[PDB]
J.: 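Mind having a look at this structure? Questions to follow.
Both ligands and their constituent atoms are indexed starting at 1 by order of listing. Residue numbers begin at 1 in each chain, while the letters A, B, ... track the order of the sequences.
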Amino acid sequence: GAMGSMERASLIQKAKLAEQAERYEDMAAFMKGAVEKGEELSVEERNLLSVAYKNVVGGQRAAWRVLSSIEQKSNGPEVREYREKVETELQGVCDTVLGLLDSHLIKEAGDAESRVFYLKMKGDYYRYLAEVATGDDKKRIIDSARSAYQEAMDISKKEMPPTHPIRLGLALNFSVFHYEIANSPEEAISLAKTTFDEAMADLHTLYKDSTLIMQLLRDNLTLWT
Amino acid sequence: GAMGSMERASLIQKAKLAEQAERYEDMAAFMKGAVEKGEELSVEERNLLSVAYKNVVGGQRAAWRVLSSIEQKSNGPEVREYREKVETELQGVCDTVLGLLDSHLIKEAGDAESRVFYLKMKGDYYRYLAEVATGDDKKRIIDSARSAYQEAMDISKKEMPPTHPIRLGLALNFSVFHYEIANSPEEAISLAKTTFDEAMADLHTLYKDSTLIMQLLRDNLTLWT
Amino acid sequence: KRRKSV
Amino acid sequence: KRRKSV
Ligand SMILES: C=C1[C@@H](O)[C@H](O[C@H]2O[C@H](COC)[C@]34O[C@H](O[C@@H]3[C@@H]2O)[C@](C)([C@@H]2CO2)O4)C2=C(C(C)C)CC[C@]2(C)C[C@H]2[C@H]1CC[C@]2(O)COC
Ligand SMILES: C=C1[C@@H](O)[C@H](O[C@H]2O[C@H](COC)[C@]34O[C@H](O[C@@H]3[C@@H]2O)[C@](C)([C@@H]2CO2)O4)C2=C(C(C)C)CC[C@]2(C)C[C@H]2[C@H]1CC[C@]2(O)COC
Ligand SMILES: [Mg+2]
Ligand SMILES: [Mg+2]
């Protein structure tokens with residue numbers, strides 16, 4: 001509960017409905033309920049999960065940036081108070097995802113694709129916490145992000161082809177982590193570059209997801225150089 | 001509470017922040033808190049209120065239409081169950097707005113602009129309830145919408161010029177009520193037509209809001225004829 | 001496609 | 001304007 005009385009397959013079905021309706025908070029609640037059934041997620045089901053929370057957090061991060069912008073320029077208490085509200089809500093979502101990753105998902109993920117997928121998610125949600133962090137725990141949040149991403153990189157390099165969309169998206173986001181969280185534009189640039197080049201050389205074995213992501217890498221390289 | 005401890009001016013300020021951040025549910029909660037201070041709203045503050053809830057209900061109605069579409073085409077229980085969830089949430093918002101109109105706003109609204117504004121809102125939120133109604137109370141919901149809109153029309157005709165954006169928007173929505181709720185396309189057409197023509201003849205006394213709305217009237221007339 | 005309201 | 005992530 002709130003989702004404990006609903007059938008696993010009914011949760012997945014409603015999550016797909018919620019997606020069609022752009023009800024991403026419902027989507028995420030339904031998928032969270034699915035994970036809580038204790039069984040491992042399929043490919044499709046992990047995709048649904050990540051898209052649900054990615055959207056929820058994406059709206060919260062977009063709003064946080066607007067309020068932080070307004071706050072810095074105003075530098076009464078109202079702007080800071082409301083930014084704090086959004087921030088705390090955003091943190092609560094990231095804690096929820098990280099809690100789902102730590103309790104069910106990473107533990108039981110035996111195959112390469114699933115493990116890397118969940119470790120990328122773990123990196124991303126610590127990265128989102130790092131975007132707002134200014135306390136003593138900032139440093140520990142950054143190294144949790146790096147640590148998850150690094151383990152995901154190591155597995156993906158041993159077990160997956162260079163053109164795997166999960167490998168490519170991992171590198172894309174890890175490279176963003178280097179650039180704007182860890183203040184290492186050079187490492188961000190080398191990682192994007194090398195990922196894009198190894199991927200070009202393996203296209204001969206595929207595709208839409210992968211070319212989409214390779215374009216995202218090309219975009220960042222163009223932005224950063 | 002939840003907003004009872006916050007200053008009236010801090011609520012209005014945060015509502016404007018929430019708008020900038022596209023946090024329309026926060027926006028609506030803040031404005032609801034403002035109304036609950038017991039003082040009458042200014043022009044700007046009524047605008048903020050209507051925009052907050054108009055957006056919240058607009059997302060819920062858009063989602064309801066996607067689920068209703070899917071449901072009719074599928075004609076298990078999941079589609080109907082989830083449509084029901086969204087529906088009940090949508091009804092709860094419409095009841096909240098109608099409750100605010102009935103408790104504070106219409107009662108104390110002495111001037112023409114404020115009274116018509118609140119009566120239009122009352123018509124709209126009964127109209128949104130009528131879009132989803134299929135019970136015994138359907139008929140009573142439709143005549144609550146008509147009754148509010150009619151009183152708003154009568155005042156606006158006595159007290160406001162034909163080009164007043166509130167008069168124009170009232171007629172635009174009342175005309176939509178005729179067309180798709182009351183099954184009276186002819187009345188919807190005559191009301192849009194006459195409103196547009198009286199308005200053209202008074203432009204000589206203004207403007208962006210009004211020409212915007214006149215365009216919306218032209219759009220519906222083009223759609224319906 | 002969809003009629004306007006405001 | 002804004003770098004891509006996925
Ligand atoms: C797993 C993949 C990709 O394989 C995956 O794509 C599958 O899933 C999405 C959405 O499914 C709910 C997909 O479904 C259809 O086919 C597509 C894909 O196979 C489609 C509608 C079609 C294409 O329009 O979009 C995804 C996207 C790709 C578009 C790049 C963006 C969302 C995501 C799930 C995210 C994840 C990426 C890299 C790591 C990821 O970022 C996860 O990190 C944890
Ligand atoms: C009261 C008016 C209009 O005067 C009013 O416009 C004032 O308020 C909006 C939004 O304010 C929060 C406005 O602010 C700026 O000037 C604009 C206007 O003066 C601007 C950003 C500018 C223009 O970009 O948009 C409005 C809109 C007009 C755009 C047509 C759409 C939202 C609304 C509030 C709704 C209401 C309409 C008719 C009845 C209404 O539908 C309410 O029924 C109860
Ligand atoms: Mg759990
Ligand atoms: Mg009240």
J.: So between A:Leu49, A:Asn55, A:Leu172, A:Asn47, whose heavy atom ends up nearest atom 11 (O) of ligand 1?
T.: A:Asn47
J.: With A:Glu7, which residues qualify under side-chain contact (heavy atoms from CB on, under 4.5 Å), at least two apart?
T.: A:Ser10
J.: Considering only NZ, NE, NH1 and NH2 on the basic side and carboxylate oxygens on the acidic side, decide whether B:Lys16 and B:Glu44 come within less than 4.0 Å.
T.: yes
J.: Ion pair present between A:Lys158 and A:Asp154, side-chain N to carboxylate O less than 4.0 angstrom?
T.: no
J.: Any protein heavy atom lying closer than 4.0 Å to atom 26 (C) of ligand 1?
T.: no
J.: Of all the non-hydrogen atoms in the protein, which one sits nearest to atom 37 (C) of ligand 1, and at what distance?
T.: A:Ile213 CD1, 4.3 Å
J.: How far is atom 36 (C) of ligand 1 from its nearest protein heavy atom, and which residue and atom is that?
T.: A:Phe117 CE1, 4.7 Å
J.: How are the rings of B:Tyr53 and B:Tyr125 set relative to one another: parallel (under 30°), tilted (30 to 60°) or perpendicular (over 60°)?
T.: perpendicular
J.: Using a strict 4.0 Å cut-off to heavy atoms of A:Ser50, name the atoms of ligand 1 that fall inside it.
T.: 34 (C)
J.: Tell me, which protein residue and heavy-atom name are nearest atom 40 (C) of ligand 1, and how many Å apart are they?
T.: A:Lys120 NZ, 3.8 Å
J.: When you measure from atom 15 (C) of ligand 1 to the protein, is at least one non-hydrogen atom found at a distance under 4.0 Å?
T.: no
J.: Between B:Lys32 and B:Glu36, is the closest basic N to carboxylate O distance under 4.0 Å?
T.: yes
J.: What protein heavy atom sits nearest atom 1 (C) of ligand 1, and how far off is it?
T.: A:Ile166 CG1, 3.8 Å
J.: Using protein heavy atoms only, decide if any is under 4.0 Å from atom 9 (C) of ligand 1.
T.: no
J.: Ligand 1 versus A:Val51, non-hydrogen atoms closer than 4.0 Å: side chain, backbone, both, neither?
T.: side chain
J.: In terms of side-chain geometry, is the basic nitrogen of B:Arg8 or B:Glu39 positioned less than 4.0 Å from the acidic oxygen of its partner?
T.: no
J.: Looking only at protein heavy atoms, which one is nearest to atom 2 (C) of ligand 1, and how far off is it?
T.: A:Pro165 CB, 4.4 Å
J.: So for ligand 1, is D:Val6 a polar contact partner (N or O within less than 3.5 Å, distance only)?
T.: yes
J.: I would like to know whether B:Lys37 and B:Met3 meet side-chain contact (heavy atoms from CB on, under 4.5 Å); could you show each step before the answer?
T.: CA-CA 9 Å; B:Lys37 299 294 184 202; B:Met3 292 306 172; 5.9 Å; no
J.: Give me the ring orientation class for A:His178 and A:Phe174: parallel if the planes are under 30° apart, tilted from 30 to 60°, perpendicular past 60°.
T.: tilted
J.: Would you confirm whether any non-hydrogen atom of the protein falls under 4.0 Å from atom 34 (C) of ligand 1?
T.: yes
J.: Determine whether a donor-acceptor pair (N or O, by modelled atom type, separation under 3.5 Å) exists between the side chain of B:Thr88 and the backbone of B:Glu84.
T.: yes
J.: When you measure from atom 22 (C) of ligand 1 to the protein, is at least one non-hydrogen atom found at a distance under 4.0 Å?
T.: no
J.: Do me a favour and list the nearest non-hydrogen protein atom to atom 18 (C) of ligand 1 with residue, atom name and distance?
T.: A:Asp209 OD2, 2.9 Å
J.: At what distance is the nearest protein heavy atom to atom 44 (C) of ligand 1, and which residue and atom is it?
T.: A:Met121 CG, 3.3 Å
